[PDB]
Structure formats: C-alpha cells, structure tokens
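A short write-up of the structure that comes next.
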Amino acid sequence: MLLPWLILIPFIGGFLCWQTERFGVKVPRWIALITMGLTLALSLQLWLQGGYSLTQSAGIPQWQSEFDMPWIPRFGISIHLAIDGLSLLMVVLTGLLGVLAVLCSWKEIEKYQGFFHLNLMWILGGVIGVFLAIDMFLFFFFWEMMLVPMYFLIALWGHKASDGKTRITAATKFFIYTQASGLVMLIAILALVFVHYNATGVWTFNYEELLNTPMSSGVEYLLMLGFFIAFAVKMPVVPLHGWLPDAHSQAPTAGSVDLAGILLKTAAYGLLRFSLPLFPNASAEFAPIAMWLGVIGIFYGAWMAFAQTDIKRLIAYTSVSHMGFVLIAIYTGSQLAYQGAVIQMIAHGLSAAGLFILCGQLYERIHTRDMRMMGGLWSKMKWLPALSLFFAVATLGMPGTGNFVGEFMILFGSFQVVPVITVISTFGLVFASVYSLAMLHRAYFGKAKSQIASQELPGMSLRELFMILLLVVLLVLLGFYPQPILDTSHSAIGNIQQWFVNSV
Amino acid sequence: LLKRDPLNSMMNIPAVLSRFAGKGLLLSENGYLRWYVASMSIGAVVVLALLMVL
Amino acid sequence: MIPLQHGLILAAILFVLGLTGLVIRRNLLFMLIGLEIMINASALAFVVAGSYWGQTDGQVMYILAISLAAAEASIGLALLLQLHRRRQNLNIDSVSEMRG
Amino acid sequence: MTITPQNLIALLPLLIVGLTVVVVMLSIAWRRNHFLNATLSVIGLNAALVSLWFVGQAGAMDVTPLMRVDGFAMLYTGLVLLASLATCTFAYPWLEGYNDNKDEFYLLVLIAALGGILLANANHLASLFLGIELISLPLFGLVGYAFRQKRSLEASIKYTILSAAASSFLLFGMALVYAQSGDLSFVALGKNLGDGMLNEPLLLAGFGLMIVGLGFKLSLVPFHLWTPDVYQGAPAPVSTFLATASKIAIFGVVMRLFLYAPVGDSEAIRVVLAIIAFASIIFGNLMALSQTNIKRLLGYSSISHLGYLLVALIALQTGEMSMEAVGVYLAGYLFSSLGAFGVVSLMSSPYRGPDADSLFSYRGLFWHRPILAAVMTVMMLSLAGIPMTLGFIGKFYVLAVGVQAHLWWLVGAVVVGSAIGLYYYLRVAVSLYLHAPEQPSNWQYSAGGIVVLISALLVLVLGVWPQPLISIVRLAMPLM
Ligand SMILES: CCCCCCCCCCCCCCCCCC(=O)OC[C@H](COP(=O)(O)OCCN)OC(=O)CCCCCCCCCCCCCCCCC
Ligand SMILES: CCCCCCCCCCCCCCCCCC(=O)OC[C@H](COP(=O)(O)OCCN)OC(=O)CCCCCCCCCCCCCCCCC
Ligand SMILES: CCCCCCCCCCCCCCCCCC(=O)OC[C@H](COP(=O)(O)OCCN)OC(=O)CCCCCCCCCCCCCCCCC
Ligand SMILES: CCCCCCCCCCCCCCCCCCCC
C-alpha cells in the first residue's frame with residue numbers, strides 16, 4: 001500500500017522542486033528535504049511495522065507487503081511492487097543517501113537548481129523502484145529509467161574543471177554500458193517469458209510465476225548469462241568497470257550526485273533476487289566463473305586504486321574491489337556469506353558516501369584532486385583529515401566498522417564453501433590496507449607538495465560535519481551491533497539460499 | 001603496468017572498431033548519382049544470386 | 001507457338017541494355033534515355049506475360065507503365081532543362097556536392 | 001466487378017482526397033491564394049481522417065479486384081493522413097518565405113497522400129505499382145520544389161533518376177511474377193505451385209526485383225545510398241513527408257504482400273530479407289556515428305529503423321503478433337520523426353532565399369528555443385529506444401517478435417545498432433543542451449509548434465502507458 005507512495009513521493013517531490021523554483025532559489029532545496037524526509041520516514045515506518053525480526057523463512061515468494069495494479073494487460077504486465085527484509089533495508093539505505101544528497105547540495109545557488117533536484121529525485125525514485133519491483137518489465141523499466149537523469153547530471157552539471165567534452169564522453173560511456181547491458185537483460189527476460197508461455201500458456205512477466213519454468217540446461221545458462229551481463233556491468237565486474245571511475249571523475253563537484261545513483265547497490269540485489277532464484281542450476285554451474293571474476297575484481301581494483309593520482313578514482317576502484325568481494329559472496333549458497341554480503345553492501349554504501357563527501361569538501365577547499373599536488377593537510381584543516389582517516393580505516397575492513405563485519409562473514413561462509421578463493425580474497429584485504437594507507441599518506445601526511453596546501457584552509461560547515469558524523473556513528477554502530485540489520489534480512493536471505501540449494 | 005587500465009581499453013576496442021567501420025562505410029556516400037545506380041544494380045545482382053542459390 | 005521464354009529473354013536483354021546505358025553515361029540526357037529503355041522493356045515484359053496467359057491484364061499494366069513513363073520523362077526533362085539552365089552542362093558527375 | 005454504394009462508402013478517404021485535389025486545383029485556377037489553398041487542403045485531409053470512422057462502420061471487404069479495405073488499411077490511411085497534415089502544417093511557415101508559387105505544394109502533398117491511401121488499401125500488384133508511383137512523383141516535385149537552390153535541385157535529380165530506376169526494377173519484377181503465376185492479385189502469387197515447389201526460379205527472380213524496388217523505397221541496404229542526400233537537399237517539410245508517410249505506406253503494402261502471398265513464406269526470401277535487415281540496421285547506425293548535419297543523421301536513422309521494421313516483417317509467418325509490432329512501431333516512429341523533422345522545419349522556416357545556407361545549428365538551442373529543444377531531445381530519446389518513450393515500446397515489440405521467432409542474429413543486430421544509436425542520439429541531445437556562440441510571430445508557426453508539442457506529449461504518455469496504442473493496433477486486424 002505504501003510502496004507506490006514510496007516510489008511516487010520522490011517523483012512528485014522532484015516535480016514540485018522544479019515547479020516551485022519561481023518562488024526563489026532557496027525554495028527547492030527545502031522541498032527536496034521534506035521529500036526525502038517523507039521517503040525515509042515511510043521506509044522506517046515499514047521497518048517498524050513489518051515485524052522482520054520475528055519473520056521465519058517460508059520460501060520464495062514471501063513478501064511482507066505487496067501491491068498489484070495492471071499496466072500493460074496485453075503482455076500480462078503490471079505495476080507489481082513487493083517488500084521483504086532485503087528490499088526494505090536497501091530502500092532505507094537509499095532514503096538515507098537521498099537525505100545526505102539533499103543536505104550536500106544545500107549551498108548550490110545555481111540558476112537551474114530545480115531541475116537538478118528533479119533529476120536527483122527521479123534517480124532516487126528509480127532506485128527505489130528497482131528495489132521494489134517484482135515485475136520483470138517494471139524492474140527493467142526502473143533499471144533503465146534511473147539512467148537518463150544520471151546522464152544529464154553528469155553531462156550538464158558535471159566536473160567544471162574538466163572540459164565539457166570529457167564530461168560528455170564519460171556520460172555517454174556510462175549510458176552505453178548500462179543501456180546495452182539492460183537490453184541484453186531485456187532479451188533474457190523476453191526469452192524467459194516466451195519459454196514460460198510455451199511451457200504453460202499464460203502471458204506473465206511476474207517474478208512469482210516465472211520461478212517455476214521447465215527449462216533445458218543451456219537455455220537457462222543463456223538467460224543467466226544475460227542477467228549476469230546486466231548486473232556485472234552495474235556491479236561492476238571486470239572488465240566491465242571503467243564506466244564507474246569515468247563517471248565518478250566527471251560527476252558534479254557537489255558530491256551529492258555521487259551518492260545519488262553512481263553508488264552501486266542494485267546489481268547485487270538483482271543477483272540475489274533474480275539471478276539465483278530464476279536460474280539456480282545455471283548459477284550453480286556459473287559459480288566458479290563468477291567467483292574467479294570476483295577474485296580478479298578484488299585484485300585488479302586494489303592495484304588500480306594504488307596506481308591512481310586522483311582521489312575520486314581511488315575511491316571508485318575501492319568500490320570495485322569491495323563489490324568483487326560481494327560478488328564472491330553471492331555465488332556460494334551460504335546463509336552466513338549472504339548476510340555478510342548484505343552487511344558489506346550497507347557498510348560499503350555508508351563508507352563510500354563518507355569518502356565521496358569528504359573528497360568533495362576537500363575539492364571545494366583546495367580546487368584540485370591530484371594527490372601529487374597536496375600533502376601534509378592534517379595541520380591545515382580542522383575536521384576533514386581525521387574523518388577521512390576514519391573512513392579510510394573503515395574501507396580497509398578494520399573492526400569497529402561494519403565493513404569488517406560484512407566482509408568477515410563473507411569470508412567465513414566462503415571458506416565454508418571454497419577455501420582457495422577465500423585465501424586469495426584475504427590477501428586482497430592486505431591489498432586494501434595497502435591502498436588505504438597509500439591514499440592517507442599521499443593526501444594528509446608529509447609536507448606540502450604545492451602552494452595551495454601550504455596555507456590554512458577554512459573549516460567545515462556545521463551541516464556537513466553533522467552528516468559526516470552521522471555516517472561515522474552509523475558505521476560504528478553497524479560494526480559493534482549489526483544484529484538489527486541481520487535480523488531484518490534473515491528471512492529473505494534464508495528464502496533465497498534455500499531456493500538456491502534445494503533446486504540444485 | 002596496470003595504471004593505464006588495460007581492461008578499460010580492451011572494452012573500448014569495440015568503440016574504435018565501430019568508428020573505423022563507420023568511416024569505411026561512409027566512403028560509399030560519395031554523392032555520385034552514377035555510383036548510386038551502380039550500387040542499386042550491384043544489390044540487384046546480389047539479391048538475385050542469393051535467391052538463385054537458396 | 002512463340003515461347004514465353006523468348007519474349008522474357010528479349011525483355012531482359014533490353015532491360016539490362018537500358019541499365020548499362022544508365023550507368024556508363026555521364027550525360028543526364030543519356031541517363032533519361034536509358035531509363036526510358038528500362039521502363040519500356042518492363043512494359044514489354046508485361047505485354048509478353050499478358051499475351052501468354054491470354055489476358056488483358058498485360059495490356060492494362062502496359063498502359064499504366066507508359067503513363068508512368070510519360071510522366072517521369074516529363075519530370076526528368078524539366079529537371080534536365082533546369083540543370084542546363086543553371087549549370088550550362090549536363091555532366092551528372094558535376095552535381096555531387098552533398099556527400100558523406 | 002461492379003461498384004456498390006457501400007464500396008464508395010469504403011473508398012471515402014480516396015474520394016475525399018481526390019475531390020480535395022480537384023477543389024484545390026480549381027481554387028488555384030480561380031485566384032492564387034496561399035492561405036485559402038492550404039486551408040482547403042488541410043480541410044480535405046481532416047475530412048478523410050474523420051471519414052475513416054464511416055469506413056470503420058462500413059466493414060472490411062474487397063473494394064475492387066484491386067482494393068481490400070480492412071482495419072490494417074484504416075490504420076495505415078490514418079498514419080498517412082496524419083503525416084500529410086503535419087507536412088502541410090510545417091510547410092506553411094516555410095512557404096511563407098518562398099518567392100515563387102506556393103500553392104502547388106499542397107496539391108502535390110494531396111496527390112502523394114492519395115498514393116499513400118492507395119498503398120494502404122492495395123491488394124493487387126497494379127495497385128501496389130500505381131501507389132508507389134503516385135507517392136514518388138509528387139515527391140519528385142516536392143524534393144526539388146526550391147529548384148533554384150542547388151542542393152534541392154541536386155536532390156530532385158538524384159531522387160527522380162534513382163526512383164525511376166527502382167520503378168523499372170519493380171515493374172520488371174511484377175512482369176516476371178505475372179509471367180509465372182498468371183494473376184496479379186496478392187493472394188494468387190505462388191498459389192499454383194504445390195508439393196514443396198514454392199521456390200520457383202522465375203517467381204523468386206520477380207520477387208527479388210520487386211525487393212530491389214521496394215528496398216530502394218524503404219531505404220534498405222544496399223539501395224540506401226540515396227537517403228541522406230535526398231533527405232538533406234529536400235525542403236524540411238518535404239523531408240518530414242518523405243521520412244514518415246512514404247516509408248509508412250510502402251512498408252504497409254510490403255506487409256500486405258508478404259502476409260497474403262503464399263510465396264512470402266519462402267525460406268530463400270526470408271534469408272534474403274534477414275541479410276538486408278541485418279546490413280540495414282548495422283550500416284544505418286554505423287554511418288550516423290560522425291554526422292554533424294541533422295538531416296543526414298535522420299536519414300541514416302530512417303535506414304536503421306526500417307531495418308528494425310524489416311526484422312519485425314521477417315517473423316510475419318511465425319508469430320501472429322508481428323502485425324501488432326509493426327503497427328505499434330510505425331506509430332511510434334511516425335510521431336518521433338514528425339517531432340524531429342518538425343523541429344528542423346520550424347527552425348528552417350521561413351525559407352531564407354535560394355542563395356543562402358540552410359544549416360541547422362542545433363548547438364545551444366535551449367537558450368533561445370527551450371520548448372523546441374525539449375521536444376527535439378524527447379524525439380532523440382524516443383528514436384534511441386530509451387524507456388518512457390514510444391520508440392522503446394516499438395523496439396520492445398521488435399525484440400519480442402524476434403525472440404519469439406528465434407531470429408537471434410537479428411536480435412544481436414538490434415542490440416548493437418541500438419547501442420550505436422544511443423551514442424549519436426545522446427550526442428545530439430547534449431549538443432542541444434550545450435552553449436552556443438551566436439545564432440515566427442504568426443499563428444501557423446504556433447500551429448507547427450503545437451503539432452510537435454503534441455507529438456512529444458504522445459511519445460512520453462504512450463511510453464509510460466502504451467495500452468491505448470496496443471488496443472487501437474489490435475483493432476487494426478486485416479482479412480484472413
Ligand atoms: C566482456 C565480454 C562479455 C560482456 C559483454 C558486454 C557488452 C555490453 C556492455 C559493454 C558495452 C561496451 C561499450 C563500449 C563503448 C562505450 C562508449 C565509449 O567508449 O565511447 C567512446 C567514444 C566517444 O568518446 P571519444 O573517445 O571522445 O570519441 C569522440 C569521437 N569523435 O565512442 C565513439 O567514438 C563511438 C561510440 C560508438 C557506440 C559504442 C560502441 C558500441 C559497440 C557495440 C556494443 C555492444 C556489445 C558488443 C560486444 C562487445 C564485446 C564483447
Ligand atoms: C614473511 C615471509 C613469508 C611469507 C608470508 C606472506 C608474505 C609477507 C610479505 C610481507 C612484506 C611486506 C613489505 C611491506 C613494505 C612497505 C614499505 C614500502 O615498501 O614502502 C614503499 C611504498 C610507500 O608507499 P607510498 O604511500 O607510495 O609512499 C609515498 C612515497 N614512498 O610502499 C608501496 O609502494 C606499497 C608496497 C606494498 C607491498 C604489498 C605487499 C603484498 C604482500 C602479499 C603477500 C602474498 C602472500 C602469498 C604469496 C604467494 C605464496 C605462494
Ligand atoms: C552483444 C549483445 C547481444 C548478443 C546477441 C543477442 C542474443 C543472442 C541469443 C542467442 C541464442 C542462441 C540459442 C541457440 C539454440 C536455438 C535452437 C534451440 O535449440 O532452441 C531451444 C529452444 C527451442 O526449442 P523448444 O522445443 O522450444 O525447447 C524449449 C526449451 N526450454 O529455445 C527456446 O526455448 C528459447 C531459447 C532462448 C535462448 C536465450 C536467448 C537470450 C539469452 C540472453 C542473451 C544472450 C546470452 C548472453 C550474452 C552473450 C554475450 C553477448
Ligand atoms: C526519458 C524520457 C524523456 C524525459 C524528459 C527528457 C527531457 C525533456 C526536456 C526537459 C527540460 C530540460 C531542461 C534542461 C535544463 C538544463 C540546464 C543546464 C544548466 C547548465
């Protein structure tokens with residue numbers, strides 16, 4: 001019942017932000033603020049009333065809330081939304097990141113701020129629709145609709161220091177990657193629907209009806225391959241990853257745009273929700289390939305992050321390595337590894353958001369991103385280098401933060417299933433500590449390597465400090481008490497794992 | 001060795017191939033009417049030969 | 001006791017001759033002449049086909065073919081007159097400005 | 001056979017457009033009035049469009065040994081009439097700056113629309129041939145309407161020569177087909193063949209020559225090289241008509257020919273059409289990669305979109321939803337092309353003399369023409385097959401039809417060509433929203449703006465809610 005409003009409140013809020021711009025330039029930021037406040041409040045109300053801790057595992061499908069309304073009845077297509085623990089957790093995370101993105105773009109007094117807020121709101125609504133839709137056409141529709149405002153933000157509001165050609169190139173590369181992968185997913189969806197229609201005789205795009213589809217070994221592999229190509233593009237999985245550092249480099253300089261849609265949290269949800277239940281045998285056969293791709297992703301992202309002269313590109317490759325960890329966790333069939341993947345996903349979202357906000361604040365301080373042009377910034381600033389130190393400590397998997405908790409449940413479950421990939425991934429953890437310390441040493445330690453870092457810098461504002469400290473508190477609480485998060489998603493993870501291991 | 005991101009260039013290889021193929025195909029659009037008639041007759045020969053073979 | 005194959009072969013010969021004249025000649029007038037040859041060969045082929053089946057449909061299609069031929073000859077000769085008026089030559093390779 | 005009054009009721013758009021031709025003729029003969037003749041032409045086209053309702057209440061049956069009127073013919077007549085009305089609406093502000101006679105334009109548009117209606121209702125090889133000529137020859141006049149301009153005269157010469165060659169090829173194809181079958185009706189092409197001898201050599205040769213002519217007419221590879229030149233050189237409302245109405249009518253009559261003829265199920269023709277569709281999609285997307293000019297880019301776009309349509313046509317015998325896919329895709333392509341070419345026509349109007357350049361300069365259009373830029377970028381997103389647009393619904397239909405018939409090479413072609421199209425369409429969109437260094441006032445210009453605005457609104461609304469279009473296409477079901 002509240003799921004259509006969970007999707008529509010960002011869209012209506014973005015329309016109001018665009019239309020109420022004639023009342024002033026400081027008006028749409030407030031409208032976006034109560035828009036994401038209402039979205040996050042609805043998500044938290046669903047969390048409180050769902051009773052997710054007391055929910056047992058009853059097998060797929062098992063939805064805590066559902067909504068169904070016909071959209072294209074010729075193909076059996078409906079606006080079909082459903083929420084359980086995993087989707088609710090990701091909707092809560094998306095709403096929190098939307099609140100932080102509205103807060104981070106508070107000082108932008110641009111002439112077209114209303115359209116910026118509309119694009120941000122539509123990206124967030126598309127992400128929530130990705131997390132809520134259990135109709136294959138609707139899921140694909142949200143998965144592709146979250147790309148046009150992202151493209152226009154990167155292309156027209158982007159990194160003003162770089163040329164417009166570089167921003168247009170990065171935005172076009174991101175759009176081509178995501179849309180071509182989505183078209184491959186749409187081909188897989190259409191073939192699955194047609195196979196189900198040939199087997200039974202009913203036009204349906206419903207995820208619940210497509211779970212039981214009699215399929216030959218080789219057609220299921222192809223459909224799983226199409227789904228995996230889409231998710232692997234947006235995971236990112238090597239070699240389909242470079243769009244992410246190019247999009248992070250040429251994103252708008254506020255940093256809110258980095259938290260809005262470029263943070264990856266939908267592809268692993270799609271892998272857990274759709275790739276494993278719809279194609280369990282094909283995923284079981286593809287598991288060595290995906291796990292070795294995750295190993296290569298971890299090592300390649302770590303070596304990429306160490307070899308970066310740009311801090312934003314370094315954080316992007318950190319995201320690549322962490323998502324390789326999550327990809328290893330997904331193709332294991334372990335409940336412990338799945339819960340660790342959920343915790344790692346939430347913790348990576350929080351820590352990457354903190355790192356991107358701090359990098360943006362550093363960029364409005366010193367007007368450069370080259371780590372060769374900065375150094376010894378610990379003595380020049382008040383709050384920023386210590387918070388960046390904490391977030392770099394978080395991203396290397398230090399205990400006390402949720403990143404360690406998630407990645408260590410991942411490695412526990414993986415070693416219960418596969419030992420060799422687990423030990424190579426833990427050497428990837430060594431590599432993670434290496435690049436985190438390298439970025440810390442090149443950015444805030446040493447002497448001033450240029451003249452812009454030689455003089456004192458203005459302190460961070462109270463609002464940016466408050467939201468960064470909120471991220472710090474959330475990461476520490478997730479590290480020291482992840483139990484509410486583990487209890488929220490225990491039923492959905494159990495259903496997905498039981499379907500994956502009881503059908504192979 | 002990896003700082004140039006070789007996998008990114010390997011995946012950008014199709015863009016270079018598409019650019020080269022488009023530049024090669026644009027040579028047919030020389031704007032000559034006699035070449036357009038010749039291309040239509042060449043396509044007629046190809047279509048007729050393909051229908052005769054199959 | 002005149003074979004349909006021989007009439008169709010004659011029409012095909014005239015059609016490919018008109019096409020060869022349309023291709024190898026840079027003069028626009030000879031291109032229009034070649035076009036008239038091809039459409040007359042197609043009309044002859046329709047007449048042969050109609051005469052083989054003993055139907056008036058071949059002659060009806062001949063009538064439509066020559067109506068088209070007269071109209072396109074008029075349009076093409078008007079275009080040729082405009083080209084000769086504003087370029088003082090009929091070299092069709094000269095009009096090749098839009099390309100790529 | 002004889003003609004009943006019910007047959008005349010079923011021929012109502014034909015009679016209305018022909019009477020409009022005669023009335024506009026006599027009005028020009030009375031006094032050369034641009035506004036009155038344009039008003040009479042659009043009144044006649046609207047009268048035909050609303051007489052389509054009486055045609056629907058009449059029924060679906062065979063008006064002639066040549067015409068068959070069914071819901072398919074009604075839908076295609078409606079698309080052709082809408083394209084002709086939009087062509088007149090874009091043509092009036094462009095012709096307001098034309099110094100020679102302006103009234104012949106609407107007469108030629110009316111005769112071309114009459115040919116489109118003929119092709120919509122065609123059920124005979126004679127009707128197919130006459131409809132193609134009745135479309136092409138007013139297009140000969142309209143492409144070189146501004147014949148004092150060098151590019152327009154060049155495009156007219158190229159289009160006239162190449163279309164006469166294609167008409168001769170097509171006519172020779174029908175001659176060979178008639179020599180084989182002995183009947184010129186669509187249902188009797190290969191009917192006398194039996195016992196698996198459907199691939200008669202002479203019938204295949206005649207159908208190949210007709211494929212050459214129609215593939216010229218549909219801008220299909222390798223009969224596609226005329227398309228960017230003729231699109232660029234022609235006046236922008238003429239380019240609108242040539243991109244929308246001619247392609248729609250010729251593809252509708254090709255759909256009828258391949259649906260009704262028993263030789264349309266031939267394996268060799270299917271493989272040849274698959275090769276043509278593959279090459280058309282890939283080539284039309286690849287040639288538009290580096291196109292600065294918007295008219296040539298839209299010509300290569302037309303090549304690729306007709307390739308997608310051909311992909312939908314190949315699965316006509318396999319899936320019964322292929323006609324549904326072609327109708328939905330053609331409605332979406334019509335509205336997107338109407339919007340794009342209407343933006344080009346409105347920014348090219350009035351005609352600023354034959355000795356001046358007609359360059360578009362779409363860069364930075366939003367900062368002085370914001371509504372036109374919004375419509376133009378909506379159309380560029382629609383032609384890319386991006387969701388929330390009707391072009392995506394059409395491309396989804398094409399992909400579903402290709403998947404159902406297991407045309408995997410064509411499916412991969414659609415995906416690759418869609419990616420290349422994404423590149424150049426998004427390039428056009430961001431160029432619209434960039435900044436420009438440097439660089440109306442009547443109700444007909446506002447009418448053209450209204451036309452492109454409702455086109456953009458239809459694209460968006462039917463992209464997020466396509467079910468009314470699906471229902472009206474399912475109502476357009478022909479004779480079985
Ligand atoms: C790992 C294998 C298994 C998985 C495969 C998954 C495939 C789908 C996901 C990956 C898609 C990769 C797309 C690669 C190109 C991305 C866009 C790009 O890099 O554009 C660069 C360039 C534009 O930027 P610039 O260099 O400035 O050029 C200006 C020229 N005047 O662009 C240009 O100049 C031209 C751009 C043309 C359009 C893009 C190319 C499309 C090619 C077909 C894509 C479909 C996949 C084909 C198979 C890929 C290899 C497996
Ligand atoms: C102990 C023997 C038994 C085997 C057990 C397992 C192996 C243990 C080996 C431990 C070796 C630790 C060496 C650490 C050196 C660190 C100091 C150093 O080299 O500093 C230089 C540089 C400084 O970093 P930067 O921030 O760039 O500095 C700015 C200006 N210099 O720093 C850099 O540029 C970064 C250097 C990174 C070094 C990464 C080391 C990775 C180790 C992987 C272990 C794999 C184990 C398995 C191997 C295969 C076994 C079959
Ligand atoms: C560059 C991007 C674009 C890439 C190219 C575009 C997609 C190419 C897809 C190639 C598919 C190859 C299929 C090969 C076998 C065909 C013949 C066959 O044996 O079909 C089996 C079956 C029909 O027989 P039936 O009696 O219906 O059996 C029911 C089966 N349960 O068949 C069926 O029932 C339906 C079979 C459907 C198979 C899946 C098709 C889509 C798969 C996802 C995309 C391709 C794989 C991932 C990407 C690869 C690398 C790009
Ligand atoms: C995805 C389907 C189409 C959705 C709408 C696409 C966009 C239509 C036009 C809306 C208005 C655009 C305004 C852009 C303003 C840019 C300002 C830039 C300032 C640097």
Side-chain angles (χ1 to χ4, degrees), chain C residues 71 75, chain D residues 13-29 32-49 76-98 100-120 131-147 152 155-156 159-160 163 230-231 234-250 334 337-338 341-342 344-346 348-351 444 447-448 451-452:
Chain C
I75 295 176
Chain D
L14 267 183
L15 299 172
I16 283 181
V17 172
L19 182 56
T20 318
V21 167
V22 177
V23 158
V24 165
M25 185 130 72
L26 295 186
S27 178
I28 298 158
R32 278 199 180 276
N33 199 4
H34 182 206
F35 176 76
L36 178 61
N37 296 325
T39 304
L40 285 177
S41 307
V42 301
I43 275 175
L45 293 172
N46 282 313
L49 193 57
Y76 273 92
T77 304
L79 297 192
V80 162
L81 285 166
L82 280 174
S84 312
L85 280 150
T87 301
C88 293
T89 311
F90 302 147
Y92 196 93
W94 185 91
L95 285 164
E96 250 185 350
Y98 194 65
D100 210 14
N101 300 334
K102 313 163 212 340
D103 319 81
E104 281 44 49
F105 199 104
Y106 306 102
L107 204 61
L108 294 187
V109 165
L110 279 168
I111 300 171
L114 201 56
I117 296 174
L118 213 180
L119 277 189
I132 290 179
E133 309 334 288
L134 210 52
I135 282 191
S136 308
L137 268 71
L139 282 179
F140 297 162
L142 288 176
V143 160
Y145 200 78
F147 57 93
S152 183
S156 189
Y159 193 52
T160 293
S163 169
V230 178
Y231 275 38
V238 182
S239 300
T240 318
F241 192 88
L242 172 66
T244 58
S246 163
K247 301 282 199 300
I248 280 171
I250 292 156
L334 162 76
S337 303
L338 274 198
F341 278 98
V344 176
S345 178
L346 284 184
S348 296
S349 70
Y351 186 50
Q444 292 94 350
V451 164
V452 300

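Quick note: numbers below take in every heavy atom, side chains included, and nothing from hydrogens, waters or symmetry partners. Each chain gets a letter, A, B and so on, in the order its sequence line appears, and its residues count up from 1.
- Atom CD1 of residue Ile250(D) and atom OH of residue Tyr76(D) lie 12.0 Å apart, to the nearest 0.5 angstrom.
- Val451(D) and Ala86(D) get closest at one heavy-atom pair: CG1-CB, 4.2 Å.
- Of all non-hydrogen atoms in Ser84(D) and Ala113(D), the two that sit nearest each other are OG-CB, 3.3 Å.
- By the 4.5 Å heavy-atom criterion applied to side chains, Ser136(D) and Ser163(D) are counted as neighbours.
- Across all their heavy atoms, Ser152(D) and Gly144(D) have their closest contact at OG-CA, 3.3 Å.
- Aromatic ring pairs are classed by plane angle as parallel below 30°, tilted from 30° to 60° and perpendicular above 60°; the pair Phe105(D) and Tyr145(D) is perpendicular.
- Distance check: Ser27(D) OG to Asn33(D) CG gives 7.0 Å after rounding to the nearest 0.5 Å.
- Taking all atoms of both residues into account, the shortest heavy-atom contact from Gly448(D) to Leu346(D) is C-CD1, 3.6 Å.
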Go through the steps for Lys247(D) and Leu334(D) under the test side-chain contact (heavy atoms from CB on, under 4.5 Å), then give the verdict.
CA-CA 9 Å; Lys247(D) 301 282 199 300; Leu334(D) 162 76; over 6 Å; no

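- With rounding to the nearest 0.5 Å, the separation of OG1 in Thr87(D) from CG in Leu81(D) is 11.0 Å.
- For the atom pair CG of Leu142(D) and CG of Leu137(D), the computed distance is 11.0 Å after rounding to the nearest 0.5 Å.
- Considering only heavy atoms from C-beta on, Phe140(D) comes within 4.5 Å of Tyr159(D) through its side chain.
- The closest side-chain heavy-atom distance from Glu104(D) to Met25(D) is not below 4.5 Å.
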Trace of the side-chain contact (heavy atoms from CB on, under 4.5 Å) decision for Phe90(D) with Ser349(D):
CA-CA 8 Å; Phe90(D) 302 147; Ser349(D) 70; over 6 Å; no

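- For the pair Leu95(D) and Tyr106(D), the minimum side-chain heavy-atom distance is below 4.5 Å.
- Just one residue in the list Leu338(D), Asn46(D), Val80(D) forms a side chain to side chain contact (heavy atoms under 4.5 Å, CB included) with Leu85(D), and that residue is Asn46(D).
- The distance from the CG atom of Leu108(D) to the CZ atom of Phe241(D) is 10.0 Å, given to the nearest 0.5 Å.
- Atom NE2 of residue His34(D) and atom CG of residue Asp103(D) lie 6.5 Å apart, to the nearest 0.5 angstrom.
- Side-chain contact between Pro138(D) and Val109(D) is absent, with no heavy atoms from C-beta onward closer than 4.5 Å.
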Test log, rule side-chain contact (heavy atoms from CB on, under 4.5 Å), inputs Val344(D) and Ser239(D)
CA-CA 10 Å; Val344(D) 176; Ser239(D) 300; over 6 Å; no

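- Judged as a ring pair (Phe, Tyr, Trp, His ring centres under 6.0 Å), and not counting sequence neighbours, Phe147(D) has no contacts.
- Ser345(D) approaches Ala236(D) most closely through the heavy-atom pair CA-CB, 3.6 Å.
- Side-chain contact check for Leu139(D) versus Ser246(D): some heavy-atom pair is nearer than 4.5 Å.
- Counting heavy atoms from C-beta on, the side chains of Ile16(D) and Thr20(D) come closer than 4.5 Å.
- The two atoms that bring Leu110(D) and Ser41(D) nearest to each other are CD1-OG, 3.7 Å, heavy atoms only.
- The aromatic rings of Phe35(D) and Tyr92(D) stand perpendicular to each other, their planes meeting at an angle above 60°, with 30° marking the opposite boundary.
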